[PDB]
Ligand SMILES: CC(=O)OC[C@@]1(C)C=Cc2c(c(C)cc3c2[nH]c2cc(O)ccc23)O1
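Shown next as C-alpha cells: one chain only, the form deposited without this ligand.
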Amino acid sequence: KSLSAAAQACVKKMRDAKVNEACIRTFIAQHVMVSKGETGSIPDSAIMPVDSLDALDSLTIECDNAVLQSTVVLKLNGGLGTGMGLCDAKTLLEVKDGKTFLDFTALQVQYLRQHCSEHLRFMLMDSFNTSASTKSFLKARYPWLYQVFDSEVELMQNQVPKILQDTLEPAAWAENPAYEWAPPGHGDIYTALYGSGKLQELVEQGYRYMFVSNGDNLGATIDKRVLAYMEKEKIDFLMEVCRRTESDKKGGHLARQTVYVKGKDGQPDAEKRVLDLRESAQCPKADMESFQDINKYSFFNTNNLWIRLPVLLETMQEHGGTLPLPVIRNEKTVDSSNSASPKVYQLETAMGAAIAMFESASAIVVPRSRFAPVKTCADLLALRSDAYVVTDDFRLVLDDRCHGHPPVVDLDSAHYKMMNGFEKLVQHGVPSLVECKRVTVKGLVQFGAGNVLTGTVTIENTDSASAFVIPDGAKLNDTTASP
C-alpha cells in the first residue's frame, strides 16, 4: 500500500523484522502525518483552560466486588531514567528502606490479593531496554510473579524505526543497528495490548477495567470510588489529575480543545467539552511560559488512568485496528551519545492523549496521596526521606504532618542531576524533611548525619571548589546556611 517511497521502506523494514501489523498500521499513519508536516505541536491558540472538575475526595460511593474483580492493574516500566543518569529500568532504584520501586509494586499486588481481590490481575509494560532486568529481579525476589511472567504479567511494548530527518527513511547505524529502533512512548500501551491479542483476551476473560500508572508512582492504587464513579457516570476513559504545584515540571497538563455538537436538530448547538492532554514536548517554546503557568493550566496529569476495556477494544477495531493518538516528533541523534550520528525523528505517543479518543471521556481531581512522582533526584530525596511513609497496603504517601503538600526540594542541577552527585549529597545520611516546606541546595554540599530541616531552608555554597559539609546533628530552621 502506502505510499511514499520512505514510508514503504519503513513497512518493509518493519515486516522483515516481524513487527506486528497493528504497530505497523499505527506507525505508518503517524509517518503519513509527519510527512505532511505534523510535529505534534499544540499551540496555546488551539486550546483552552478547563475549570471545573469533580473531586475524588468528594466522592463516597464504593463499587461492588464484581466491578473490582473486573479490574486489571498495569504498571508502566518501559522507559529509562536517563535524566537522572540511569541506563536501566527506573523501577530498580532503591526508594525507601532498602526496597526498590519494583519491590513495593509487587508488595502492593500481594496485599491486594490477600485482602481485597484474590485473583487480581497484574501486568507490567516492559520494553527491550527493561525486560531482562525486570525479569531477573523478579525471579529472585517474587517467585509467584516470575512464574507467569512471560505468560501473563509482561506486556512487551513495540519497537519502531527511527527515521532520518532528511529523508524519512529508516536510519542506518552499522555500529549498533539496535539503535535504529526505539519504543514509541507510553502511548504504545494501546497498540501493544491490541496487537498482542492481550486486549481481546482480557475482554474475553471478563475484565472490564484497566488501571494504569507510572512505574515511578507508588501513590497510585486501585480506588473503589473511582470505579463506582465510572459506572454511575458511564465513563469510558478517566484521567486522574492533581492541582498543579511548583514542582510539576516534567509532564502534561489537561486542556480543552473546543467543539459544538449536533443533536439531530441543528438548533442549538450546545457544544461538548472535549478534553485533551498537552505534553511538554508538544508545546511550542514560544508558548512555553503559558504551559508553565500553574494558574492558567492548573490541572496536571498523574498518568493514573482508567480505561473501560471493551470500549477500547471496540474503538480500535473500528478505527482500522488502531488508536489514532497524536504523534509527537522528537528529534535525536540515532546514538544519543554521539552528537555526530545521524539526525533522526523518533515518533512517540503519550497514553493520556487517549482522553481525546472517547465520547465518554473525563477527568477527576485527586489528592497528592495518589501522585508521588520521581522524575529527578530531588524527587528521589524527598521520597527517601521522612516526608514519605509506607502505608499498610504498601503505598508511599506523604506523612500526615505534611498536609498534602510535598516539601519543595530544589537541588542545584549542576551537581545533583545525576545519581552519582545525589548519592554524594546524602553520603552521610538523608535529612529529615518532614517538617521542611522548602529546601534549596545551591552549589556543592553534603548533608551531615542526622540533619533536621524545618520551615524554609537554604543551604548555599558559592565557593564551588570545596564541599560545604553540614556538621552532624545540625538543625536548620528558616535559615540560610553557608560557609
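The first residue of the sequence shown is number 1, and the count goes up from there.
Although not depicted, the form solved in complex with this ligand is the subject of the following passage.
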Given this ligand in the orientation seen in the deposited complex, superposed onto this form through the C-alphas lining the site, is the binding site open or blocked (3 or more ligand atoms within 2.4 angstroms of backbone or C-beta atoms = blocked)?
blocked
So in the deposited complex, is this ligand close enough to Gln200 to count as touching (4.5 Å, heavy atoms)?
no
Even though the partner isn't displayed, in the deposited complex is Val366 close enough to this ligand, meaning a heavy atom within 4.5 Å?
yes
Check whether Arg225 has any heavy atom within 4.5 Å of a heavy atom of this ligand in the deposited complex, and answer yes or no.
no
4.5 Å heavy atom contact, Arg243 to this ligand in the deposited complex
yes
Counting only heavy atoms and a 4.5 Å cutoff, which of 409-417, 164-172, 366-374, 319-327 contacts this ligand in the deposited complex?
366-374
In the deposited complex, which of the listed residues (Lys272, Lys262, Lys139, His405) lies with a heavy atom within 4.5 Å of this ligand?
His405
